[PDB]
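Survey of secondary and tertiary structure
One letter stands for each residue in the lines below.
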Amino acid sequence: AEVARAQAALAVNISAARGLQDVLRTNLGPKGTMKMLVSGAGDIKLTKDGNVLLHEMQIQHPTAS
Amino acid sequence: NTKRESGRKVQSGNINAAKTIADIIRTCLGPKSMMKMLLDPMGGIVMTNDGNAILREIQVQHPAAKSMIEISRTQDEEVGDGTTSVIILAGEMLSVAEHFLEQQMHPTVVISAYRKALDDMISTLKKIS
Amino acid sequence: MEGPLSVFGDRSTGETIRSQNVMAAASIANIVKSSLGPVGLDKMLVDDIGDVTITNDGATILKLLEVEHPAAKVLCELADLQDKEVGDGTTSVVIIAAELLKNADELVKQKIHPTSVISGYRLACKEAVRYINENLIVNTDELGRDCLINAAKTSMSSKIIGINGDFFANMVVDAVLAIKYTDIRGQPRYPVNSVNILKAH
Amino acid sequence: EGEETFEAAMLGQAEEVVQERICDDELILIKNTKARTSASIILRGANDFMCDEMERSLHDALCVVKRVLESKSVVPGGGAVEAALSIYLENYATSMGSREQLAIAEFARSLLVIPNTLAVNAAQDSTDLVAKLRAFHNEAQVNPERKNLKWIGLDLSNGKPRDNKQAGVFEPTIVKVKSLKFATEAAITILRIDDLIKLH
Amino acid sequence: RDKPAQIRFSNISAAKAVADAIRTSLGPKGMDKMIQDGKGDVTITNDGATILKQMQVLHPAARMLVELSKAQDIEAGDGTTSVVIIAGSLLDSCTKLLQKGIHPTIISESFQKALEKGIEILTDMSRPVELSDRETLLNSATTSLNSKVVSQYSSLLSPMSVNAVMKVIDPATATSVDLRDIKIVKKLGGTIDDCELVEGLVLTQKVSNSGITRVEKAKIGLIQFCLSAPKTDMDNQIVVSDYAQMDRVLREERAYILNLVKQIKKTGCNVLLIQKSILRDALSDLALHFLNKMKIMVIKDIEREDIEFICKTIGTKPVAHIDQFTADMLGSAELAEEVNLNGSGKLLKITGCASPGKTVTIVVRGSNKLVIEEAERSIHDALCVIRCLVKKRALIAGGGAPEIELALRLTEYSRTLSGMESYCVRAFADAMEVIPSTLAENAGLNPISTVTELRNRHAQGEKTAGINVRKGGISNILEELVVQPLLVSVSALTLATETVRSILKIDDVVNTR
Amino acid sequence: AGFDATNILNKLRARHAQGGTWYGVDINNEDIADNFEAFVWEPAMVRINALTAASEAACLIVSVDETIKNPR
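In the PDB header, cryo-EM is given as the technique by which the entry was determined, and 8.5 Å as its resolution.

Put into structure tokens, the structure is as follows:
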């Protein structure tokens, strides 16, 4: 089919990550918060911890893997 | 049935598929390497320095995208390596040769330069090996 | 298939299908042209999708192409039939036919009896055909300096794989001499590959 | 079965059965098989492909020795033989006149695409070859002769007429008389429909 | 209304459009067709003569041309195109007269005038032939067989064509001696030279093996019964719930028929034609073995025409049930013969059969089907072209040429009539000349050369002479070695003549409820 | 004259493969024949003249794929 190459493939990578990452930056130290997490189940989850937010749901990108 | 196919279009797509497959793989080559990361249609990412691992696991196409894995596998079995070389080598020779030479408009002398380049390559190798 | 969209089945009357057929003969005969002769480039041809074949032989290509057009059909099967004669001229008989069917048909319309234009392609054939056997002008293996021996060396020297062809000038004439089978129907024909030829390096 | 008796009818009759190993190669060599003269040519290559290498170059020499034995003489291979026939047969058209200048010239002009497209496939192409072909070929010499006052031959691994006049890369006389009829055939073949209809 | 006016034009639209390209006729002209059919069926089509009948058309106005095609062939056997292609010539005049404002009935009646004036001239030119002597029979067969499939096998087929009609020939000339009396039986095996004209009733009946009804005093019967047995005709008291119960009734079935086939063997009738009417299924599959065991030829539910051939030709009728032996209304055959040529093939010959001075039977033979075909169709028109002579004698030309001779000379009648129709017949009179032009039309490029001169030449050759499309060149067209019997075109004239005025007899098209 | 080119001219080219002298189509006679005998005539001058002017503007524009202008 098609592909991406040079810095075009790179731009998609580095942008998707830092587009997802700063979303997670809302929370750290005590002065972070508890990020609302609703997966496909519908349950609200509030976590300042990475593993919950990271392994439940993600805005889907090749970097999100 | 009435059908015919004309000249450059396949040759282009050949050169096209030839060099493109060569690109990341030749940058994945060497002490300073790169990585070829596929993104599956399902969303799974596949990162391998070997595009033969990438291309076979992704769309394989009627042009040399069909003819690159065959000669890669031909390069896979015999010695066991050079797997990344042939497609970066075949994509390397065809582009620079053909167009300028097909701009000089001829297939045949192009064919001979291979066997020409084959022996000198054998020569200076076997010499400076 | 150009022409009206209401009626079909090779039915335009007209020259539409006829021009289509000189076009239908063209593209089919066009395929052969770049495959024409051994110097004809080997044509990678995709039989289905991963199914693919690389063929510079017209007849082998003509096997692959399913003919909806009779033009396509009369060119294929006949060069397929000339392939079942020998196979020398497969790519040959194809190409000239693209022009001649416009040459064969056209003037029969213009009459001067319906039968005249056709033998003109038969007579000039026989003319050439008479001329054919008349030619040792180039390639004489009916005679020669060594005749068949140097003809071997020469036919070696044509295809020659090295400075050899000398020992292989004799081997080929051995092939007719080693096979005495004297092929049936009175032919003194000796199959060249029926010799025991045992390859050892 | 291994207890079965054996008789002499399976025994070969020749001067000697002698086992000769030369070039690290031993064959059972039946010397002068008596019922009929026999010969076998053991190739010697530098490697195995070399034997195949030399073998295909024999095949030119092989069939062409055999094919001229099939039917005598030959043509000069390639469309050069017809490249002279064109103006031969277009003059053979010209004096005929009327329809018979038309069809007979239409047939001879159609001959000429083969050699070019032959040389085209070899990248010796067209304008080069028509410069090569019937510039050699003449009405001044129309004659097949036995010889060349014109070079009417075309060698193809090449695309160009060459100097080898025993060359097996020129065709014999056989398929030529055939293929022309077949070339005339595919043309006259499509003539044949009478009236017209549509099954509907 | 407008619909009445348009539909006749719409008829003239679809109809006349068909009858025209129906002329490439003869010639090696135009590129061969692989016809994808109206349902999508790829069909390789050639030789318009059969392409006539082959043609699948819609609309009433187009199909009447197939109806027109069917008409001439069965009539003469010759000139399949001759009747249709002139419907192109007809609807030429028709529209122009409707464009002239001429009334449909007048244009209709104009068909009859030119027809009478046409059958006038075609007979005027035609040169009479003797349909008794072998000679023009051979000759009309010759040229027809010269236009048929086998020119080489036109030789032996000719006496087999000539003697066939001369078997059925009727005193002097008359329209008679049909092809129904002729029974053409394809015989696998043999060759076209081995095709055999047999005088008597031959059947296409193909039964088991050989030596079966090869004997002498072998009559060929028709039975509108079949043989009895328990579980054939006579009763079974035992019922089959059980394979053992199945066996004793079949055993009793076989054992009884074995006695009956003796009674057929002692009948003198070694071919029963066993009714396709099935009693239990009538003649048992257990019985067929037994009738054949007595060298009597019966195959299950014998082919119905053979039943009627034995009725018609031989006069055989059914008999009483074989239980009663036979009333011996089975016709008189002291020989019925199963002939294997090359030890192969099934042909029932009835020799010594009652034949009514007719039902000559050509046995068209060959080792192939094509071989039988090439024979069978060729002799057929040779049978026909002689049947043509017998029906209506002499000869005109062939390939449309003599019609231009009619066309020239009819315009003279179109000169005399001095009516609207004198113009109408005239509007048709030269519309006839389109045929050889359109015969030579379809092959090519740079078109216009021969067409008007395909007409002009004949008028230059005037009233006797014109161009002969088969051999080329101008002469008296009726014999160049180009002929069809005078029957063929006068048979061609009236039919298309007839069918077209129906279009004018149409007030308006309809569709049934 | 109401004739085919080809045949009529191939006739001539037959006649010009054969007699070749004056043979040519004669229009108001509607036929082909030796024209100078037939009185069909023109003084040889303009022919060469036309022949000179024939191949000339021919060999000129055949060297023209390039034509140049100004609007201004």
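That shown, we press on.
1. Details of the overall build of chain D
Looking only at helices and strands, one finds six helices and two strands in chain D. Secondary structure elements of chain D occur, N-terminal to C-terminal, as β-β-α-α-α-α-α-α. Per-residue burial over chain D gives 52% buried out of 200 residues. Of the contacts formed within chain D by residues at least 6 apart in sequence, a portion of 44% connects residues at least 24 apart. Carbon and sulfur atoms make up 51% of the accessible area of chain D, which totals about 9,000 Å². The averaged location of the 30 negative side-chain charges in chain D is 10 Å from the averaged location of its 24 positive side-chain charges.

2. A short note on the pattern of salt bridges
Under the definition given, this model contains 40 salt bridges over all chains. D:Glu70 is the salt-bridge partner of C:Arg189, the closest N and O atoms lying 3.1 Å from each other. Of the two residues, C:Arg189 is situated in the segment after α7 (167-178) and D:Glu70 in helix α1 (residues 48-70); the pairing between them involves two chains. Ionic pairing is found between E:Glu109 and E:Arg501, a salt bridge with its closest N-O pair at 3.8 Å.

3. A look at the interface of chain C and chain D
Opposite the 106 residues of chain C that make contact, chain D presents 107 residues. Surface buried jointly by chain C and chain D totals about 9,500 Å² across both partners, of which 66% is contributed by carbon and sulfur atoms. If you look at where chain C meets chain D, you find three salt bridges. For the pair chain C and chain D, the interface holds 33 residue pairs in polar contact. Looking at the side of chain C that touches chain D, the elements that each hand over two or more residues are α1 (16-35), α3 (70-83), α4 (90-109), α5 (116-133), α6 (148-159) and α7 of chain C. For the side of chain C that touches chain D, the leading source of residues is α4(C), giving 15 residues.

4. Some thoughts on the pairing of strand β2 (residues 31-34) of chain F
Residues and elements named next belong to chain F. In this sheet, β2 lies alongside strand β1 (residues 23-26) in antiparallel orientation, the contact comprising four bridges. Each residue of the ladder has a partner; that of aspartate 26, found in β2, is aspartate 31. The turn joining β1 and β2, which pair antiparallel and follow one another in sequence, is formed by four residues; a positive phi near 45° is taken by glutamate 30.

5. Focus on the packing of aromatic side chains
Enumeration according to the criterion identifies six aromatic pairs over all chains in this entry. Here F:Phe36 and F:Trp41 contribute two aromatic rings whose centre-to-centre distance is 5.2 Å and whose plane-to-plane angle is 40°, an arrangement assigned as tilted. One aromatic cluster in this structure is built from F:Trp22, F:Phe36, F:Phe39 and F:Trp41. Here the basic side chain of D:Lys198 rests over the ring of C:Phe8, its NZ or CZ set 4.0 Å away from the ring centre.

6. Focus: the interface of chain B and chain C
Listed as interface residues are eight residues of chain B and, on the opposing side, 19 residues of chain C. Of the roughly 1,000 Å² buried at the junction of chain B and chain C (both faces included), carbon and sulfur atoms supply 52%. By the criterion of area lost to chain C, the three top residues of chain B are B:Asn1, B:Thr2 and B:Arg4, representing 63% of everything that side buries. Linking chain B with chain C are zero salt bridges. Inspection of the chain B/chain C interface yields seven residue pairs in polar contact. Of the residues that constitute the side of chain B that touches chain C, the class distribution is one nonpolar, four polar and three charged.

7. Quick word on the environment of E:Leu504
Residues and elements named next belong to chain E. Counting through the fold element by element, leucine 504 comes out in helix α16 (residues 486-505). Given the relative accessible area of 8%, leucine 504 is considered buried. Once you skip the residues sitting within four places of it in the chain, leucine 504 turns out to touch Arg8, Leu98, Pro104, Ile107, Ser108 and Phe111.

8. Regarding the side chain of D:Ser98
Within the secondary structure, D:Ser98 sits in helix α3 (residues 98-109). Relative accessible area serves as the criterion here: at 17%, D:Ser98 is assigned to the buried category. One polar contact links D:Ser98 to F:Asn7, side chain to side chain, over a distance of 2.8 Å. Ignoring sequence-local partners within four residues, the contact set of D:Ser98 consists of F:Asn7, F:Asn10 and F:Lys11.

9. Comments concerning the packing of α3(D) against helix α1 (residues 6-18) of chain F
When two helices pack together, their arrangement is given by the angle between the helix axes and by the axis-to-axis distance. As a packed pair, α3(D) and α1(F) sit with axes 7 Å apart at the nearest point and diverge in direction by 95°. For the element pair α3(D) / α1(F), the angle class is roughly perpendicular. Side by side, α3(D) and α1(F) meet where D:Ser98, D:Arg99, D:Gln101 and D:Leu102 of the first sit next to F:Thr6, F:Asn7, F:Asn10, F:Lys11, F:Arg13 and F:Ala14 of the second. Residues belonging to the contact of α3(D) with α1(F) are distributed by class as follows: two nonpolar, five polar and three charged.

10. Observations regarding the sheet that holds strand β9 (residues 348-351) of chain E
All names here are of chain E. Taken together, the three strands give an open sheet; going across it, the order is β5-β9-β8, and neighbouring strands pair in antiparallel fashion. Of all the strands in the sheet, the pair left with one neighbour each is β5 (201-203) and β8 (335-338). Between one strand axis and the next, the sheet turns through 20° on average, direction left out of account. As paired elements, β8 and β9 share four bridges and run antiparallel to each other. Across the sheet, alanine 336 pairs through a bridge with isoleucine 350, a residue of β9. In this fold helix α10 (residues 304-314) packs onto β5 and β9, with an angle of close to 175° to the strand it touches most, β5.

Procedures and definitions
Residues numbered from 1 in each chain as written, not as in the entry; some residues may be left out. Chains lettered and ligands numbered in written order. Part of a larger assembly, values for the part shown. Heavy atoms only, no water. Helix = DSSP H or I, 4+ residues; strand = E, 2+ residues; numbered from the N terminus. Buried < 20%, exposed > 50% of the residue type's maximum accessible area, 1.4 Å probe, protein only. Contact = heavy atoms within 4.5 Å. Areas by Shrake-Rupley, 256 points an atom, 1.4 Å probe, with all protein chains shown as cover. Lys, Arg positive; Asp, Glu negative; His and termini not counted. Charge placed at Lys NZ, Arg CZ, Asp CG, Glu CD. Salt bridge = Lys/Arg side-chain N within 4 Å of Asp/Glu carboxyl O. Buried area = accessible area lost by both parts, 1.4 Å probe. Polar contact = N/O pair within 3.5 Å; in protein donor to acceptor, adjacent residues only side chain to side chain. Pairing = 2+ DSSP bridges. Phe/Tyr/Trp six-rings, centres within 6.5 Å; stacked < 30°, edge-to-face > 60°. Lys NZ or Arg CZ within 6 Å of the ring centre and 35° of its normal. Nonpolar A, V, L, I, M, F, W, Y, C, P; charged D, E, K, R; others polar. Axes fitted to C-alpha atoms, helices over the stretch in contact; angles between N-to-C directions. Parallel < 35°, antiparallel > 145°, perpendicular 65-115°, else oblique.

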